[PDB]
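Below you'll find the structure, written out as structure tokens, and then a few comments.
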Amino acid sequence: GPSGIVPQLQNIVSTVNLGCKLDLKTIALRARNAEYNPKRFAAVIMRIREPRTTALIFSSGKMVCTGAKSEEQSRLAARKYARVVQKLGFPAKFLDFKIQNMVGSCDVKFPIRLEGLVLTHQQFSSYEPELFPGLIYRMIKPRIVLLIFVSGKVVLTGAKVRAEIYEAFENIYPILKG
Amino acid sequence: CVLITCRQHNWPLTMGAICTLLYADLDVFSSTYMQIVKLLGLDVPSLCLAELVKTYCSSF
Amino acid sequence: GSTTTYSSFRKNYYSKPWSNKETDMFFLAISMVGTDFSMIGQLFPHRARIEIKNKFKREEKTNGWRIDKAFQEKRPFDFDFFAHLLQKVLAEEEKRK
């Protein structure tokens with residue numbers, strides 16, 4: 001097993017389709033928590049304080065949300081945005097909700113020399129410190145990208161489910177243990 | 001491509017020395033540089049520490 | 001003209017810091033206008049929209065409670081009165097200093 005630590009989650013990304021078309025100008029007119037610029041962009045930006053999240057709603061009726069810590073909180077916030085649209089007068093409905101991504105991170109309590117890792121896992125490792133300090137690891141099982149630093153901190157992205165994050169975590173555990 | 005060529009011959013060359021001639025900027029050229037390398041997946045060494053110092057020190 | 005030329009990340013250019021009274025106007029704007037960062041960029045011609053978003057990102061780290069408290073303490077909205085309040089309070093700040 002791991003050294004008593006399982007990665008935390010940093011962000012959630014999700015999408016939902018509201019089932020109807022919308023007038024963005026009206027929504028921006030009447031929403032206290034929204035920002036929109038019709039002359040350059042085709043979606044209205046809104047935020048809620050709990051769960052502390054943002055939503056991006058197009059005129060086509062699709063919606064993108066970020067800022068969540070967990071999938072349930074993303075779903076709750078998306079339902080909240082759906083209610084917000086409903087009270088604005090549109091026939092908004094909460095359909096086909098789906099999580100799209102989440103971010104995870106962990107630390108191993110000891111330093112890691114990245115040069116050895118790039119010298120041994122060339123097929124997956126990127127080491128260009130002059131461009132970005134962190135080492136980039138393209139992991140294949142699960143299809144996850146891990147970002148590694150000299151402090152022993154590791155960051156995970158690209159999963160559809162949390163089990164993918166933890167799976168990549170214990171997959172990389174023996175490699176970093178070397 | 002010229003850069004990775006020199007890297008194959010472990011020939012020391014740095015990032016801006018190329019961008020000097022190309023009207024480029026850090027973000028533009030670095031982001032693009034990553035794009036082709038991941039696209040082609042070709043193996044290429046890093047800048048080995050001692051190599052660059054010879055040409056750098058000799059310039060004084 | 002030399003081969004020693006340095007290249008490093010210049011996208012963090014020196015931006016103008018934020019004033020405490022300017023922050024107070026920012027809060028009374030959340031009270032008064034809302035979170036329409038483009039609109040706030042218009043009420044603050046000296047700040048652009050990205051500055052408003054960065055300001056929100058900095059404030060949300062600790063001052064979410066004050067964000068909510070201002071947002072519930074709603075006030076009727078007037079651009080003209082807003083602009084007058086800004087430059088008058090700024091002039092008062094300079095005169096006190």
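Computed from the coordinates by the stated procedures, all read-outs in this text should not be read as laboratory data. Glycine also receives a Cβ, built like all others from the backbone with ideal geometry; neighbour counts cover every protein chain displayed.
Couple of notes before you dig in:
- Residue, nearest to the other protein chains (Cβ to nearest Cβ), within segment A:130-158, restricted to residues that are within 23 Å of A:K109 (Cβ to Cβ) and in a loop (DSSP other than H, G, I, E, B): A:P133
- Screening A:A55, A:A92 for residues that are within 30 Å of A:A163 (Cβ to Cβ) and surrounded by 14 or more Cβ atoms within 10 Å (Cβ to Cβ) leaves exactly one candidate, A:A55.
- When residues of segment C:27-43 are limited to those that are farther than 15 Å from A:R32 by Cα and surrounded by 18 or more Cβ atoms within 10 Å (Cβ to Cβ), the one farthest from the chain's Cα centre (by Cα): C:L43
- Test: residue in segment C:63-72 that is loosely packed, with under 13 Cβ neighbours inside 10 Å, more than 26 Å from A:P38 (Cβ to Cβ) and away from chain B (no Cβ under 14 Å): yes
- Residue ID - nearest to the other protein chains (Cβ to nearest Cβ), chosen from residues in segment A:33-48 that are touching a helix residue (DSSP H, G or I) at 6+ places or on another chain (Cβ under 6 Å) and assigned to a strand (DSSP E or B): A:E35
- First in segment C:22-38 and more than 12 Å from every other protein chain (Cβ to nearest Cβ) and closer than 18 Å to C:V89 by Cα, second anywhere and surrounded by fewer than 18 Cβ atoms within 10 Å (Cβ to Cβ) and of a type in the set (S, T, Y), Cβ under 9 Å, 6 or more apart: C:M25/C:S19
- Segment C:1-46, subset part of a helix (DSSP H, G or I) and charged (D, E, K, R), residue farthest from A:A28 (Cα to Cα): C:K21
- Take the conditions (1) more than 22 Å from A:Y137 (Cβ to Cβ); (2) more than 10 Å from every other protein chain (Cβ to nearest Cβ); (3) under 13 Å from the mean Cα position of the chain (by Cα); (4) in a helix (DSSP H, G or I); B:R7 misses just one of them, which is (1).
- Residue check for A:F90: assigned to a strand (DSSP E or B), on the phi < 0 side of the Ramachandran plot, out of contact with any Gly (no Cβ under 9 Å at 6 or more places or on another chain) and hydrophobic (A, V, I, L, M, F, W, C): no
- Count of residues meeting criterion [surrounded by 13 or more Cβ atoms within 10 Å (Cβ to Cβ) and either assigned to a strand (DSSP E or B) or among the aliphatic types (A, V, I, L, M) (or both)] in segment A:9-32: 15
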